[PDB]
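> Structure file model_6.csv (CSV, N, CA and C atoms and all ligand atoms) right here:
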chain,number,residue,atom,x,y,z
A,2,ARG,N,-30.1,74.5,16.7
A,2,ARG,CA,-29.6,73.4,17.6
A,2,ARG,C,-28.8,72.4,16.8
A,3,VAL,N,-28.2,71.5,17.6
A,3,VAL,CA,-27.4,70.5,17.0
A,3,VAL,C,-28.1,69.7,15.9
A,4,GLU,N,-29.3,69.3,16.2
A,4,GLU,CA,-30.0,68.5,15.2
A,4,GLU,C,-30.2,69.2,13.9
A,5,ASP,N,-30.2,70.5,13.9
A,5,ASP,CA,-30.3,71.3,12.6
A,5,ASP,C,-29.1,71.4,11.8
A,6,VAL,N,-27.9,71.1,12.4
A,6,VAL,CA,-26.6,71.2,11.7
A,6,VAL,C,-25.9,69.9,11.6
A,7,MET,N,-26.3,68.9,12.3
A,7,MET,CA,-25.6,67.6,12.3
A,7,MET,C,-25.7,66.9,11.0
A,8,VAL,N,-24.8,65.9,10.8
A,8,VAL,CA,-24.8,65.0,9.6
A,8,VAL,C,-25.3,63.7,10.1
A,9,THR,N,-26.3,63.1,9.5
A,9,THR,CA,-26.8,61.8,9.9
A,9,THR,C,-26.2,60.7,9.0
A,10,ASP,N,-25.7,61.1,7.8
A,10,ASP,CA,-25.1,60.2,6.9
A,10,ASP,C,-23.6,60.0,7.3
A,11,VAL,N,-23.4,59.2,8.4
A,11,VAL,CA,-22.1,59.0,8.9
A,11,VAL,C,-21.2,57.9,8.3
A,12,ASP,N,-19.9,58.2,8.2
A,12,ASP,CA,-19.0,57.2,7.7
A,12,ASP,C,-18.6,56.3,8.9
A,13,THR,N,-18.6,55.0,8.7
A,13,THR,CA,-18.3,54.0,9.7
A,13,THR,C,-17.1,53.2,9.4
A,14,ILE,N,-16.5,52.6,10.5
A,14,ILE,CA,-15.4,51.7,10.3
A,14,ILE,C,-15.5,50.6,11.4
A,15,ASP,N,-15.1,49.4,11.1
A,15,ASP,CA,-15.2,48.3,12.0
A,15,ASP,C,-14.3,48.4,13.2
A,16,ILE,N,-14.7,47.9,14.3
A,16,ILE,CA,-13.9,48.0,15.5
A,16,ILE,C,-12.5,47.3,15.4
A,17,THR,N,-12.4,46.4,14.5
A,17,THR,CA,-11.1,45.7,14.3
A,17,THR,C,-10.1,46.4,13.4
A,18,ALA,N,-10.6,47.5,12.8
A,18,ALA,CA,-9.7,48.3,11.9
A,18,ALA,C,-8.5,48.9,12.7
A,19,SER,N,-7.5,49.4,11.9
A,19,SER,CA,-6.3,50.0,12.5
A,19,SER,C,-6.2,51.5,12.1
A,20,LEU,N,-5.2,52.1,12.7
A,20,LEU,CA,-5.0,53.5,12.4
A,20,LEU,C,-4.4,53.7,11.0
A,21,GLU,N,-3.8,52.6,10.5
A,21,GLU,CA,-3.4,52.6,9.1
A,21,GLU,C,-4.6,52.7,8.2
A,22,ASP,N,-5.7,52.1,8.5
A,22,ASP,CA,-6.9,52.2,7.7
A,22,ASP,C,-7.5,53.6,7.9
A,23,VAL,N,-7.5,54.2,9.1
A,23,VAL,CA,-8.0,55.6,9.2
A,23,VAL,C,-7.1,56.5,8.4
A,24,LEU,N,-5.8,56.4,8.4
A,24,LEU,CA,-4.9,57.2,7.6
A,24,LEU,C,-5.3,57.1,6.1
A,25,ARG,N,-5.4,55.8,5.6
A,25,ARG,CA,-5.7,55.6,4.2
A,25,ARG,C,-7.0,56.2,3.8
A,26,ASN,N,-8.0,56.1,4.7
A,26,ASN,CA,-9.3,56.7,4.4
A,26,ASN,C,-9.2,58.2,4.3
A,27,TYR,N,-8.4,58.8,5.0
A,27,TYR,CA,-8.1,60.2,4.9
A,27,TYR,C,-7.4,60.6,3.6
A,28,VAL,N,-6.3,60.0,3.4
A,28,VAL,CA,-5.5,60.3,2.2
A,28,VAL,C,-6.2,60.0,0.9
A,29,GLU,N,-6.9,58.8,0.8
A,29,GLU,CA,-7.6,58.4,-0.4
A,29,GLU,C,-9.0,59.0,-0.6
A,30,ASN,N,-9.7,59.2,0.4
A,30,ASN,CA,-11.1,59.6,0.3
A,30,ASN,C,-11.5,60.8,1.1
A,31,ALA,N,-10.5,61.5,1.7
A,31,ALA,CA,-10.7,62.7,2.4
A,31,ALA,C,-11.6,62.6,3.6
A,32,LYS,N,-11.7,61.4,4.3
A,32,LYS,CA,-12.5,61.1,5.5
A,32,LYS,C,-11.6,61.4,6.7
A,33,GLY,N,-12.0,62.5,7.4
A,33,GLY,CA,-11.3,62.9,8.6
A,33,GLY,C,-11.6,62.1,9.9
A,34,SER,N,-12.6,61.3,9.8
A,34,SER,CA,-13.0,60.5,11.0
A,34,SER,C,-14.0,59.5,10.5
A,35,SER,N,-14.3,58.5,11.4
A,35,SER,CA,-15.2,57.5,11.2
A,35,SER,C,-15.9,57.1,12.6
A,36,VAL,N,-17.1,56.8,12.5
A,36,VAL,CA,-17.8,56.2,13.7
A,36,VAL,C,-17.5,54.7,13.8
A,37,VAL,N,-17.0,54.3,14.9
A,37,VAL,CA,-16.6,52.9,15.0
A,37,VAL,C,-17.8,52.0,15.3
A,38,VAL,N,-17.9,50.9,14.6
A,38,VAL,CA,-19.0,50.0,14.8
A,38,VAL,C,-18.6,48.6,15.2
A,39,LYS,N,-19.3,48.1,16.2
A,39,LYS,CA,-19.0,46.7,16.7
A,39,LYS,C,-20.3,45.9,16.6
A,40,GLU,N,-20.2,44.9,15.7
A,40,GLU,CA,-21.4,44.1,15.4
A,40,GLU,C,-22.7,44.9,15.2
A,41,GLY,N,-22.6,45.9,14.3
A,41,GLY,CA,-23.7,46.7,14.0
A,41,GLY,C,-24.1,47.8,14.9
A,42,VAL,N,-23.3,48.0,16.0
A,42,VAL,CA,-23.7,49.0,17.0
A,42,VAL,C,-22.6,50.1,17.0
A,43,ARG,N,-23.0,51.4,16.8
A,43,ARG,CA,-22.0,52.5,16.8
A,43,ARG,C,-21.5,52.7,18.3
A,44,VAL,N,-20.2,52.6,18.5
A,44,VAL,CA,-19.7,52.7,19.8
A,44,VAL,C,-18.6,53.8,20.1
A,45,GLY,N,-18.3,54.6,19.1
A,45,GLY,CA,-17.3,55.7,19.4
A,45,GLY,C,-16.9,56.3,18.1
A,46,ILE,N,-15.9,57.2,18.2
A,46,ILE,CA,-15.4,57.9,17.0
A,46,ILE,C,-13.8,57.8,17.0
A,47,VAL,N,-13.2,57.7,15.8
A,47,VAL,CA,-11.8,57.7,15.6
A,47,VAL,C,-11.5,58.7,14.6
A,48,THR,N,-10.4,59.4,14.8
A,48,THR,CA,-10.1,60.6,13.9
A,48,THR,C,-8.7,60.7,13.4
A,49,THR,N,-8.5,61.6,12.4
A,49,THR,CA,-7.1,61.8,12.0
A,49,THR,C,-6.2,62.4,13.1
A,50,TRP,N,-6.8,63.0,14.1
A,50,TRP,CA,-6.0,63.5,15.3
A,50,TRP,C,-5.5,62.3,16.0
A,51,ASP,N,-6.2,61.2,16.1
A,51,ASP,CA,-5.7,60.0,16.7
A,51,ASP,C,-4.5,59.4,15.9
A,52,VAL,N,-4.6,59.6,14.5
A,52,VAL,CA,-3.5,59.2,13.7
A,52,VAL,C,-2.2,60.0,14.0
A,53,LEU,N,-2.4,61.3,14.1
A,53,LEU,CA,-1.3,62.2,14.4
A,53,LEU,C,-0.7,61.9,15.7
A,54,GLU,N,-1.5,61.6,16.7
A,54,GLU,CA,-1.0,61.2,18.0
A,54,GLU,C,-0.1,60.0,18.0
A,55,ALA,N,-0.5,59.0,17.2
A,55,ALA,CA,0.3,57.8,17.0
A,55,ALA,C,1.6,58.1,16.3
A,56,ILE,N,1.6,58.9,15.3
A,56,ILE,CA,2.8,59.3,14.5
A,56,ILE,C,3.7,60.0,15.5
A,57,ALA,N,3.2,60.9,16.4
A,57,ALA,CA,4.1,61.6,17.3
A,57,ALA,C,4.7,60.7,18.3
A,58,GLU,N,4.0,59.6,18.6
A,58,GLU,CA,4.6,58.6,19.5
A,58,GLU,C,5.5,57.5,18.8
A,59,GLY,N,5.5,57.6,17.5
A,59,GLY,CA,6.2,56.6,16.7
A,59,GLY,C,5.6,55.2,16.7
A,60,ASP,N,4.3,55.1,16.9
A,60,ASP,CA,3.6,53.9,16.9
A,60,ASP,C,3.5,53.3,15.4
A,61,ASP,N,3.4,52.0,15.3
A,61,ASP,CA,3.2,51.3,14.0
A,61,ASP,C,1.7,51.5,13.8
A,62,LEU,N,1.2,52.3,12.9
A,62,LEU,CA,-0.2,52.5,12.7
A,62,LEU,C,-1.0,51.2,12.4
A,63,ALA,N,-0.4,50.2,11.8
A,63,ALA,CA,-1.1,49.0,11.5
A,63,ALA,C,-1.4,48.2,12.8
A,64,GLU,N,-0.6,48.4,13.8
A,64,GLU,CA,-0.7,47.7,15.1
A,64,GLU,C,-1.7,48.4,16.1
A,65,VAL,N,-2.0,49.6,15.8
A,65,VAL,CA,-2.9,50.3,16.8
A,65,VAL,C,-4.3,50.1,16.2
A,66,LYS,N,-5.1,49.4,17.0
A,66,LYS,CA,-6.5,49.2,16.6
A,66,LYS,C,-7.4,50.3,17.0
A,67,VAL,N,-8.5,50.6,16.2
A,67,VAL,CA,-9.3,51.7,16.5
A,67,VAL,C,-9.9,51.7,17.9
A,68,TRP,N,-10.2,50.5,18.5
A,68,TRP,CA,-10.8,50.5,19.8
A,68,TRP,C,-9.8,51.0,20.9
A,69,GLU,N,-8.5,51.0,20.6
A,69,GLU,CA,-7.5,51.4,21.6
A,69,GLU,C,-7.5,52.9,21.7
A,70,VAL,N,-8.0,53.7,20.7
A,70,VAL,CA,-7.9,55.1,20.7
A,70,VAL,C,-9.2,55.8,20.5
A,71,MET,N,-10.3,55.1,20.3
A,71,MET,CA,-11.6,55.7,20.0
A,71,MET,C,-12.1,56.5,21.2
A,72,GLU,N,-13.0,57.4,21.0
A,72,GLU,CA,-13.6,58.2,22.1
A,72,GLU,C,-15.1,58.2,22.0
A,73,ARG,N,-15.8,58.3,23.1
A,73,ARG,CA,-17.2,58.4,23.1
A,73,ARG,C,-17.8,59.3,24.2
A,74,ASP,N,-17.6,59.0,25.4
A,74,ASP,CA,-18.2,59.8,26.5
A,74,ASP,C,-17.9,61.3,26.5
A,75,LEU,N,-16.7,61.7,26.3
A,75,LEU,CA,-16.5,63.2,26.3
A,75,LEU,C,-16.8,63.9,25.1
A,76,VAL,N,-17.1,63.2,24.0
A,76,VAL,CA,-17.4,63.8,22.8
A,76,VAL,C,-18.8,63.6,22.3
A,77,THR,N,-19.7,63.3,23.2
A,77,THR,CA,-21.1,63.1,22.8
A,77,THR,C,-22.0,64.2,23.3
A,78,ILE,N,-22.9,64.6,22.5
A,78,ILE,CA,-23.8,65.7,22.7
A,78,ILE,C,-25.2,65.4,22.3
A,79,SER,N,-26.2,66.0,22.9
A,79,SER,CA,-27.6,65.8,22.6
A,79,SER,C,-28.0,66.6,21.3
A,80,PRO,N,-28.9,66.1,20.5
A,80,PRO,CA,-29.4,66.9,19.4
A,80,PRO,C,-30.1,68.2,19.8
A,81,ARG,N,-30.5,68.2,21.1
A,81,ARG,CA,-31.2,69.3,21.7
A,81,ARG,C,-30.3,70.5,22.1
A,82,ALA,N,-29.0,70.2,22.2
A,82,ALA,CA,-28.1,71.3,22.5
A,82,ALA,C,-28.0,72.4,21.5
A,83,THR,N,-27.8,73.6,22.0
A,83,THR,CA,-27.7,74.7,21.0
A,83,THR,C,-26.3,74.6,20.3
A,84,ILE,N,-26.2,75.3,19.2
A,84,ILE,CA,-24.9,75.3,18.4
A,84,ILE,C,-23.8,75.9,19.3
A,85,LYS,N,-24.1,76.9,20.1
A,85,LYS,CA,-23.1,77.5,20.9
A,85,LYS,C,-22.7,76.5,22.0
A,86,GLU,N,-23.6,75.7,22.5
A,86,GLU,CA,-23.3,74.7,23.5
A,86,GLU,C,-22.4,73.6,22.8
A,87,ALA,N,-22.7,73.3,21.6
A,87,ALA,CA,-21.8,72.3,20.9
A,87,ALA,C,-20.4,72.9,20.7
A,88,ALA,N,-20.3,74.2,20.3
A,88,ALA,CA,-19.0,74.8,20.2
A,88,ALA,C,-18.3,74.8,21.5
A,89,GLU,N,-19.0,75.1,22.6
A,89,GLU,CA,-18.4,75.1,23.9
A,89,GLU,C,-17.8,73.7,24.3
A,90,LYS,N,-18.6,72.6,24.0
A,90,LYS,CA,-18.1,71.3,24.3
A,90,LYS,C,-16.8,70.9,23.4
A,91,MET,N,-16.9,71.3,22.1
A,91,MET,CA,-15.7,71.1,21.3
A,91,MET,C,-14.5,71.9,21.8
A,92,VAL,N,-14.7,73.1,22.2
A,92,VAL,CA,-13.5,73.9,22.8
A,92,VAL,C,-13.0,73.3,24.1
A,93,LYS,N,-13.9,72.9,25.0
A,93,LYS,CA,-13.5,72.4,26.3
A,93,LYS,C,-12.7,71.0,26.1
A,94,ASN,N,-13.1,70.2,25.2
A,94,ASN,CA,-12.5,68.9,24.9
A,94,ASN,C,-11.5,68.9,23.8
A,95,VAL,N,-11.3,70.1,23.2
A,95,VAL,CA,-10.4,70.3,22.1
A,95,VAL,C,-10.6,69.2,21.0
A,96,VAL,N,-11.8,69.1,20.5
A,96,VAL,CA,-12.1,68.2,19.4
A,96,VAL,C,-12.9,69.0,18.3
A,97,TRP,N,-12.7,68.5,17.1
A,97,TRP,CA,-13.4,69.1,16.0
A,97,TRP,C,-14.7,68.6,15.7
A,98,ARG,N,-15.0,67.4,16.3
A,98,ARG,CA,-16.3,66.7,16.0
A,98,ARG,C,-16.9,66.1,17.3
A,99,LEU,N,-18.2,66.1,17.3
A,99,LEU,CA,-19.0,65.5,18.4
A,99,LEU,C,-19.9,64.4,17.9
A,100,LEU,N,-20.1,63.3,18.6
A,100,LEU,CA,-21.1,62.3,18.3
A,100,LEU,C,-22.4,62.8,18.8
A,101,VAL,N,-23.5,62.7,18.0
A,101,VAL,CA,-24.8,63.1,18.5
A,101,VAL,C,-25.5,61.9,18.9
A,102,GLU,N,-26.0,61.9,20.2
A,102,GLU,CA,-26.7,60.7,20.7
A,102,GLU,C,-28.1,61.0,21.1
A,103,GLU,N,-29.0,60.1,20.8
A,103,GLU,CA,-30.5,60.3,21.2
A,103,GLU,C,-31.0,58.9,21.5
A,104,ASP,N,-31.7,58.8,22.5
A,104,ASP,CA,-32.3,57.5,22.9
A,104,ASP,C,-31.1,56.5,23.1
A,105,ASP,N,-30.0,56.9,23.7
A,105,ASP,CA,-28.8,56.1,24.0
A,105,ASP,C,-28.0,55.6,22.8
A,106,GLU,N,-28.4,56.0,21.6
A,106,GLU,CA,-27.7,55.6,20.4
A,106,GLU,C,-27.1,56.8,19.6
A,107,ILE,N,-26.0,56.5,18.9
A,107,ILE,CA,-25.4,57.6,18.1
A,107,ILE,C,-26.2,57.7,16.8
A,108,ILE,N,-26.7,58.9,16.6
A,108,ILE,CA,-27.5,59.2,15.4
A,108,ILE,C,-26.9,60.1,14.4
A,109,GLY,N,-25.7,60.6,14.7
A,109,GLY,CA,-25.1,61.5,13.7
A,109,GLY,C,-23.8,62.1,14.3
A,110,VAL,N,-23.2,63.0,13.6
A,110,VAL,CA,-22.0,63.7,14.0
A,110,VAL,C,-22.1,65.1,13.6
A,111,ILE,N,-21.6,66.0,14.5
A,111,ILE,CA,-21.6,67.4,14.2
A,111,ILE,C,-20.1,67.9,14.2
A,112,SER,N,-19.7,68.6,13.2
A,112,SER,CA,-18.4,69.1,13.1
A,112,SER,C,-18.2,70.6,13.2
A,113,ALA,N,-17.1,71.1,13.7
A,113,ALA,CA,-16.9,72.6,13.7
A,113,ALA,C,-17.1,73.2,12.3
A,114,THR,N,-16.8,72.5,11.3
A,114,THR,CA,-17.0,73.0,9.9
A,114,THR,C,-18.5,73.3,9.7
A,115,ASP,N,-19.4,72.4,10.2
A,115,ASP,CA,-20.8,72.6,10.1
A,115,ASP,C,-21.3,73.9,10.8
A,116,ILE,N,-20.7,74.0,12.0
A,116,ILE,CA,-21.0,75.2,12.9
A,116,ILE,C,-20.6,76.5,12.3
A,117,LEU,N,-19.3,76.5,11.7
A,117,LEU,CA,-18.8,77.7,11.1
A,117,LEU,C,-19.7,78.1,9.9
A,118,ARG,N,-20.0,77.1,9.1
A,118,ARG,CA,-20.9,77.4,7.9
A,118,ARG,C,-22.2,77.9,8.3
A,119,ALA,N,-22.8,77.4,9.4
A,119,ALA,CA,-24.1,77.8,9.8
A,119,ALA,C,-24.0,79.3,10.4
A,120,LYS,N,-22.9,79.6,11.0
A,120,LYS,CA,-22.7,81.0,11.5
A,120,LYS,C,-22.6,82.0,10.4
A,121,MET,N,-21.9,81.6,9.3
A,121,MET,CA,-21.7,82.4,8.2
A,121,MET,C,-23.0,82.6,7.4
A,201,MG,MG,-8.2,62.3,21.9
Show how you would write the structure in this file as structure tokens.
Ligand SMILES: [Mg+2]

Amino acid sequence: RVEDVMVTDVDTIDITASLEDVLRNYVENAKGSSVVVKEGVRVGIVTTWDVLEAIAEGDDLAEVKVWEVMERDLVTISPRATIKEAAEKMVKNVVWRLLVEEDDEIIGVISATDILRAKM
């Protein structure tokens, strides 16, 4: 199940950060995503795909704040879901990562990389 393959040690970024920060975190530290935090509460996820979308639109990455592009509802899954169910949600929503929520709070992230490694 998701709880068996998820990562609880999540990378976070403040809600006031920009896509330039997300880009930098990827290029300098290899971080493909971050869980967005607002005053200590995890509220969504921002990813390098959001950066690519901004580049495609010609946006100034420093001016796009992470709250403008973060996601939560369609990318959240229960730790009780099976790995196949997690893969199905990733495929339906065309995302590489899902936020894992329990007791209304984000407790981790599961990525297609994790699922592929577990299958192998
Ligand atoms: Mg998106």
> Mind listing the residues within 8 Å of ligand MG 201 (chain A), all atoms listed in the file counted, as a PDB file with N, CA and C atoms, in the coordinates of the input?

ATOM      1  N   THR A  48     -10.400  59.400  14.800  1.00  0.00           N
ATOM      2  CA  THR A  48     -10.100  60.600  13.900  1.00  0.00           C
ATOM      3  C   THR A  48      -8.700  60.700  13.400  1.00  0.00           C
ATOM      4  N   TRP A  50      -6.800  63.000  14.100  1.00  0.00           N
ATOM      5  CA  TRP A  50      -6.000  63.500  15.300  1.00  0.00           C
ATOM      6  C   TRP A  50      -5.500  62.300  16.000  1.00  0.00           C
ATOM      7  N   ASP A  51      -6.200  61.200  16.100  1.00  0.00           N
ATOM      8  CA  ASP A  51      -5.700  60.000  16.700  1.00  0.00           C
ATOM      9  C   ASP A  51      -4.500  59.400  15.900  1.00  0.00           C
ATOM     10  N   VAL A  70      -8.000  53.700  20.700  1.00  0.00           N
ATOM     11  CA  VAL A  70      -7.900  55.100  20.700  1.00  0.00           C
ATOM     12  C   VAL A  70      -9.200  55.800  20.500  1.00  0.00           C
ATOM     13  N   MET A  71     -10.300  55.100  20.300  1.00  0.00           N
ATOM     14  CA  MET A  71     -11.600  55.700  20.000  1.00  0.00           C
ATOM     15  C   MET A  71     -12.100  56.500  21.200  1.00  0.00           C
ATOM     16  N   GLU A  72     -13.000  57.400  21.000  1.00  0.00           N
ATOM     17  CA  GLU A  72     -13.600  58.200  22.100  1.00  0.00           C
ATOM     18  C   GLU A  72     -15.100  58.200  22.000  1.00  0.00           C
ATOM     19  N   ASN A  94     -13.100  70.200  25.200  1.00  0.00           N
ATOM     20  CA  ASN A  94     -12.500  68.900  24.900  1.00  0.00           C
ATOM     21  C   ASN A  94     -11.500  68.900  23.800  1.00  0.00           C
ATOM     22  N   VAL A  95     -11.300  70.100  23.200  1.00  0.00           N
ATOM     23  CA  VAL A  95     -10.400  70.300  22.100  1.00  0.00           C
ATOM     24  C   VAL A  95     -10.600  69.200  21.000  1.00  0.00           C
ATOM     25  N   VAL A  96     -11.800  69.100  20.500  1.00  0.00           N
ATOM     26  CA  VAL A  96     -12.100  68.200  19.400  1.00  0.00           C
ATOM     27  C   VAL A  96     -12.900  69.000  18.300  1.00  0.00           C
TER      28      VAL A  96
END
> Quick one, how far is atom N of residue 87 of chain A from atom N of residue 67 of chain A?
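About the pair atom N of residue 87 of chain A and atom N of residue 67 of chain A: they are 27.3 Å apart.
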> Separation of atom CA of residue 42 of chain A and atom CA of residue 92 of chain A, in Å?
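If I compute the distance from atom CA of residue 42 of chain A to atom CA of residue 92 of chain A, I get 27.5 Å.
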> Around the point (-16.4, 56.7, 15.1) in the file's coordinates, collect all residues with an atom within 5 Å, using only N, CA and C atoms, and return them as a list in words.
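Neighbouring residues, ordered by chain and number, come to residues 35, 36, 37, 45, 46 and 47 of chain A.
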> Can you list, as a PyMOL selection string, all residues belonging to segment 6-118 of chain A that DSSP tags as helix (DSSP H, G or I)?
chain A and resi 6+20-30+49-58+67-70+74-76+84-94+113-118
> Smallest atom-to-atom distance to residue 100 of chain A: which of A:6, A:60, A:112, A:30, using all atoms listed in the file?
A:112
> How many Å separate atom CA of residue 23 of chain A from atom CA of residue 116 of chain A?
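Answer for the atom CA of residue 23 of chain A to atom CA of residue 116 of chain A separation: 23.8 Å.
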> Neighbouring residues of residue 66 of chain A were defined as those with any atom within 8 Å, considering only N, CA and C atoms; residues of the same chain fewer than 3 positions away were excluded. Please report them as a PyMOL selection string.
chain A and resi 16-21+61-63+69-71
> Which is closest to residue 32 of chain A among A:56, A:44, A:14, A:113, if we use only C-alpha atoms?
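The closest residue to residue 32 of chain A is A:14.
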> If you count only N, CA and C atoms, which residues fall within 8 Å of residue 85 of chain A, apart from same-chain ones fewer than 5 positions away, as a PyMOL selection string?
chain A and resi 2-3+90-91
> Starting from the point (-29.9, 65.2, 25.7), work out which residues of protein, DNA or RNA have an atom no more than 8 Å away when counting all atoms listed in the file; state them as a ChimeraX atom specification.
/A:78-82,102-104
> What are the centre and the three edge lengths of an axis-aligned box that wraps all atoms of segment 85-88 of chain A in the file, given that 5 Å is added to every side, written as AutoDock Vina command-line options and rounded to one decimal in Å?

--center_x -21.2 --center_y 74.9 --center_z 21.8 --size_x 15.8 --size_y 15.2 --size_z 13.4
